[PDB]
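Sequence positions, counted from 1, serve as the residue numbers for this chain. Counting starts at 1 for both ligands and their atoms, following the listed order.
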Amino acid sequence: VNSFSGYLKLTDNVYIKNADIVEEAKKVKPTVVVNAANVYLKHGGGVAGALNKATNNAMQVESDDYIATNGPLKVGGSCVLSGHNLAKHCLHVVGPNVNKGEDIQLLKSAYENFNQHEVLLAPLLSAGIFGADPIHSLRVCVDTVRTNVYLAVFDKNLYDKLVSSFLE
Ligand SMILES: CNC(=O)c1c[nH]c2ncnc(N[C@H](c3ccc4c(c3)S(=O)(=O)CCC4)C(C)C)c12
């Protein structure tokens with residue numbers, strides 16, 4: 001039903017809110033929820049762990065069956081799988097993990113996957129323990145994504161820093 005509320009409008013297609021992506025999925029019932037995935041789809045911690053736990057492990061079971069038959073994704077790539085109880089679909093996107101030495105230029109390719117969907121609920125790619133500069137990730141999102149993207153950032157200080165930096 002894509003009923004998003006309480007978002008700040010940054011540009012004509014990019015919105016942001018201080019919220020847990022899981023709670024937004026439950027309230028919004030979006031067509032697509034983006035997962036900040038890794039190449040073998042191991043959803044242990046962070047955003048991926050929160051989304052998986054909210055599906056009572058159904059996401060990990062489905063992802064293990066996908067990997068068994070298809071092998072790992074590439075950095076910058078994506079995979080559409082079921083969204084289970086959280087959304088119609090889950091778009092698993094692999095952004096670069098710069099804390100593990102992966103190339104930050106691939107963050108543009110990671111965001112380009114969003115353009116295949118008219119509207120998406122998403123986290124800020126490569127932020128948190130992946131180590132990319134969050135202000136840079138927001139700039140790449142704004143410059144690359146043309147479809148409607150609703151970013152949920154679950155940290156008040158980071159959300160406030162992003163909004164202030166964007167409005168500079
Ligand atoms: C541990 N719980 C969470 O991180 C979240 C749960 N629910 C969430 N909704 C939104 N953002 C969340 N987190 C943010 C974040 C955004 C991107 C990425 C990560 C973490 S990561 O550390 O999982 C690595 C992969 C990329 C941080 C920056 C506030 C959570």
Side-chain angles (χ1 to χ4, degrees), residues 2 4-8 10 14-30 32-60 63 67 72-79 81 83-87 89-114 119-142 144-145 148-166:
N2 301 309
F4 297 93
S5 69
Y7 284 78
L8 291 197
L10 293 181
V14 178
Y15 298 85
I16 189 165
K17 185 176 183 182
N18 170 204
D20 178 355
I21 196 174
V22 170
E23 290 305 308
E24 286 297 301
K26 292 177 184 172
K27 91 206 301 153
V28 168
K29 301 178 174 192
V32 178
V33 65
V34 171
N35 179 26
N38 50 39
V39 298
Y40 285 87
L41 304 181
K42 303 308 196 194
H43 313 307
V47 168
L51 287 167
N52 179 56
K53 277 192 160 56
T55 72
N56 291 87
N57 208 48
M59 176 183 289
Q60 189 65 70
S63 295
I67 293 289
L73 292 181
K74 289 168 47 180
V75 175
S78 76
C79 189
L81 294 177
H84 304 280
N85 51 302
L86 298 177
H89 304 293
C90 177
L91 179 69
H92 296 271
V93 174
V94 184
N97 182 332
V98 312
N99 282 340
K100 290 183 171 190
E102 303 178 347
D103 181 24
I104 193 58
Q105 284 177 299
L106 293 173
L107 185 58
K108 181 180 177 198
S109 179
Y111 276 113
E112 186 64 41
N113 294 287
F114 290 24
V119 59
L120 318 89
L121 165 64
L124 188 67
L125 301 180
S126 291
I129 206 175
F130 277 27
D133 181 326
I135 297 174
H136 176 65
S137 184
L138 180 57
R139 296 205 184 111
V140 177
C141 183
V142 166
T144 305
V145 181
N148 293 317
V149 53
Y150 289 82
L151 296 166
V153 176
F154 191 27
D155 184 282
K156 183 184 193 298
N157 286 330
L158 178 56
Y159 165 85
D160 287 338
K161 186 171 172 54
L162 291 167
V163 171
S164 175
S165 169
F166 195 80

*Sequence neighbours excluded, which residues qualify as side chain to side chain donor-acceptor pair (under 3.5 Å) partners of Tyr111?*
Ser137

_I'd like to check which ligand 1 atoms, numbered from 1 as shown, lie under 4.0 Å from a non-hydrogen atom of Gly128._
22 (O), 28 (C)

With backbone taken as N, CA, C and O and side chain as the heavy atoms from C-beta onward, which portion of [X] lies under 4.0 Å from ligand 1: side chain, backbone, both, or neither?
| X | answer |
| --- | --- |
| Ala152 | backbone |
| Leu158 | side chain |
| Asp20 | both |

*asked:* Please find the pair of heavy atoms, one from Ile67 and one from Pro72, that lie closest to each other, and give the distance.
replied: CD1-CA, 3.9 Å

_Any protein heavy-atom neighbour for atom 27 (C) of ligand 1 (distance below 4.0 angstrom)?_
no

Heavy atom of the protein closest to [atom] (residue, atom name, distance):
| atom | result |
| --- | --- |
| atom 22 (O) of ligand 1 | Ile129 N, 3.1 Å |
| atom 9 (N) of ligand 1 | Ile21 N, 3.0 Å |
| atom 17 (C) of ligand 1 | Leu124 O, 3.1 Å |
| atom 11 (N) of ligand 1 | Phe154 N, 3.5 Å |

Donor-acceptor contacts under 3.5 Å from residues 42-57 side chains, at least two apart:
unit_1	atom_1	unit_2	atom_2	d
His43	ND1	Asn35	ND2	3.3
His43	NE2	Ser63	OG	2.9
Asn52	OD1	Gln60	N	2.9
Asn52	ND2	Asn57	OD1	2.9
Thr55	OG1	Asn52	O	2.7
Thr55	OG1	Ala58	N	3.3
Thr55	OG1	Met59	N	3.0

*Could you name the option among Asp155, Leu125, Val153, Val47 that has the heavy atom nearest to atom 15 (C) of ligand 1?*
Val47

_Could you work out, for atom 19 (C) of ligand 1, the closest of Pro123, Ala127, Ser137, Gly46 by heavy-atom distance?_
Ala127

*asked:* Parallel, tilted or perpendicular: which one describes the rings of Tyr150 and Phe4, with boundaries at 30° and 60°?
replied: parallel

*Would you mind reporting whether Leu124 and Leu162 have side-chain heavy atoms less than 4.5 Å apart?*
yes

